[PDB]
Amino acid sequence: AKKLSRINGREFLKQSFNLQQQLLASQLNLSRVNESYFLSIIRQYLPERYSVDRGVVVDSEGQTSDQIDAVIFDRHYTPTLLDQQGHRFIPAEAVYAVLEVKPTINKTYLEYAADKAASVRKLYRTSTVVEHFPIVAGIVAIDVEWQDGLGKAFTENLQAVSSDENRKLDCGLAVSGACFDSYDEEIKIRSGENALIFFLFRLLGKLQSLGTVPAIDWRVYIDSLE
């Protein structure tokens, strides 16, 4: 029976996120993956101005992304195309970020997550009523396959994919205890029990910097219909 010492607000904050980090790792290590676990947690965390769900992004020209594990998008200003939870059909102009859930962070899964991101970023976003911002993209996994962790070879893998802004992966989380992002230009990496709280707050900081998706004339979606 554990002797529990007295807690304060900072330790409760840390435990509230790290215990959920452990839960997610247990859940993902089993499903070897089911993104539902991650969706629950990031949905619970994000400000209500953000919605997050699995689905497909569409544009007003009728092109679609691949299937995306976690799309972070607007519903406050944006119509719903008569979809339901777990299977969204999301206008491209509503999208803030896309995250792909995979078993591990290696070169194969980073390329696959970048493929997914490019299928969303290539879609057409109207400016009929605007300053569109780049969609944030990332990868979520249990662990990192490299001995190095998120080390030499990992950083080298982003650099070679640096050229194509559509394949860019802005951020990532290994719930075993590592995260990265490039929100500050330089790639910043963290390790350990706070990886989840770091990933989530850094992502919220990046989303915040982008502001609300610009308001657009949704009737571009019906212009070619009869």
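The numbering used is simple: start at 1 and walk along the sequence shown.
The gap between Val129 and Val130 holds 10 or more unmodelled residues of the deposited sequence.
Checked against the record, the higher mean CA B factor of 159 to 167 and 59 to 67 lies with 159 to 167. Here 5 to 13 and 20 to 28 are compared by their mean Cα B-factor, and 5 to 13 comes out higher. The residue among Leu82, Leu99, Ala92, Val144 whose C-alpha atom has the highest B-factor in the PDB entry is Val144. Among all modelled residues in its chain, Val213 ranks in the middle third by Cα B-factor. Sort the modelled residues of the chain by CA B factor and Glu35 lands in the lowest third. When the modelled residues of the chain are ordered by their C-alpha B factor, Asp53 lands in the lowest third. In the deposited entry, the Cα temperature factor of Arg88 places it in the lowest third of its chain's modelled residues. Among all modelled residues in its chain, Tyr124 ranks in the middle third by Cα B-factor.
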